[PDB]
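Undergrad: Take this sequence and fold it.
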Amino acid sequence: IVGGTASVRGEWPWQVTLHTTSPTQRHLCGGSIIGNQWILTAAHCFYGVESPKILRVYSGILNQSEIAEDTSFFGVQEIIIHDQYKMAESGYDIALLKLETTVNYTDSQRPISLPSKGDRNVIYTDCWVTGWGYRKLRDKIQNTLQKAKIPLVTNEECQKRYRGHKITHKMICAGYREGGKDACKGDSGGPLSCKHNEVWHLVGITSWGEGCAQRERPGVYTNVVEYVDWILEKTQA
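TA: Residues are numbered from 1 along each chain as shown. Shown next is the protein structure:
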C-alpha cells in the first residue's frame, strides 16, 4: 500500500495474509474471509502454484512478525479459479479458497459482507484498501498491515486513464487524480472495503494498475458485486 498508515489491530478482521511455503515461506497475497471456510482473493495470485498444499492462510494478523513456525494457520483444501480468467488486466481476476477447517469467528477474525446487486447504485464515499504490499514500486513486503482511504472513480473516468486497456463493468477503479495513495505489488487479492450505513461491504479485490500511486493511474479492482452469483454457485456444496 502506498501513502497509507499502520492499521489498528482488529480493524480489518476479514483480511488474511496468504503465504506460500515454496521455496521457503513468504507472504504471497492478501485475501478476504467471506464464509467459515472461504477466502475471496485474486486469481492471478496463483501463477505457478500447482498445488493447494504449499498454501497457508493466516487470519487475525496485524504484523507479519507475528507469523512464526509455531503459529497456527488454515490449510487450503481447494483453489477455485474463475474459468474465464486468463490474466489480471483482462478481468475475471477472482478466486475462492476452500479451507481444510473452518474459521472460528471472533473480534480478531470475522467475515465481510458481499455487496448487494441492489447497491450497484449506492455511492460509497468511505472506501479503504489494505495490505502488506509495497509502499514503493521497488520495495518489499511490509511488516505492519497498511490502510489507505481512496475514492472510487467512474468506469468512464477510469477508461480515460487506461486507453490501451478495456475497463469493463466487471472492474472497478479507485484513486486520486494526483496519485499518492494506491495498492501495489503484494496487496493483490486483498480487499477494497467500503463502509455504508455503518456496515462494511467487500466492493473490490486488489487486481492491477500501471505502477503504483502514479498520477492519473487509478488502481483497478475486481467488481465483486458482478460475481455474487458466481460465488454462490461455487461455494454451494
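
Undergrad: For stretch 128-136, buried residues please.
TA: Neighbour counts over stretch 128-136 (16 or more other Cβ atoms under 10 Å) mark 128, 129, 130, 131, 132, 133, 134, 135 as buried. C-beta: built from backbone N, CA, C; applies to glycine.

Undergrad: what's the most distant pair in the residues you listed?
TA: Farthest pair in the buried residues of stretch 128-136 (Cβ to Cβ) is 128 and 134. Separation: 17.3 Å.

Undergrad: A strand includes residue 194, no?
TA: Yes: under DSSP: H, G, I helix; E, B strand; the rest coil, residue 194 falls within a strand.

Undergrad: That one reaches residue 224, doesn't it?
TA: No: checked against Cβ atoms under 8 Å, the pair residue 194 and residue 224 is beyond contact range at 10.3 Å.

Undergrad: overlap in contacts of those two?
TA: Shared contacts of residue 194 and residue 224, defined by Cβ atoms under 8 Å, 6 or more residues apart in numbering, comprise residue 203.

Undergrad: Identify the residue nearest the geometric centre of this structure.
TA: residue 190 (1.7 Å; Cα atoms, centre = their mean).

Undergrad: can you tell me how far that one sits from residue 219?
TA: Distance from residue 190 to residue 219, counting by Cβ to Cβ, to the nearest Å: 11 Å.

Undergrad: shouldn't residue 178 be in contact with residue 217?
TA: No: judged on Cβ under 8 Å, residue 178 makes no contact with residue 217 at a distance of 10.6 Å.

Undergrad: show me where this protein has strands.
TA: Taking DSSP state E, the strands of the chain run over residues 5-6, 15-20, 26-35, 38-41, 55-59, 74-81, 95-99, 127-131, 146-149, 152-153, 171-174, 191-196, 199-208, 219-223.

Undergrad: Compile those strands into TSV and extend it with columns for distance to residue 229.
TA: Formatted as TSV, the strands of the chain follow (distance: least, Cβ to Cβ, whole Å):
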stretch	distance to residue 229
strand 5-6	36
strand 15-20	24
strand 26-35	14
strand 38-41	14
strand 55-59	25
strand 74-81	14
strand 95-99	13
strand 127-131	23
strand 146-149	30
strand 152-153	22
strand 171-174	17
strand 191-196	19
strand 199-208	15
strand 219-223	13
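
Undergrad: who wins for proximity to residue 165 among the ones you listed?
TA: Once those are compared by Cβ to Cβ, strand 219-223 is nearest, at 8.3 Å.

Undergrad: Mind giving me the packing neighbours of the closest one?
TA: Here strand 219-223 touches strand 171-174, strand 199-208, going by 3 or more Cβ pairs under 8 Å, 6 or more residues apart in numbering; DSSP states H and E.

Undergrad: Okay then, goodbye and thanks.
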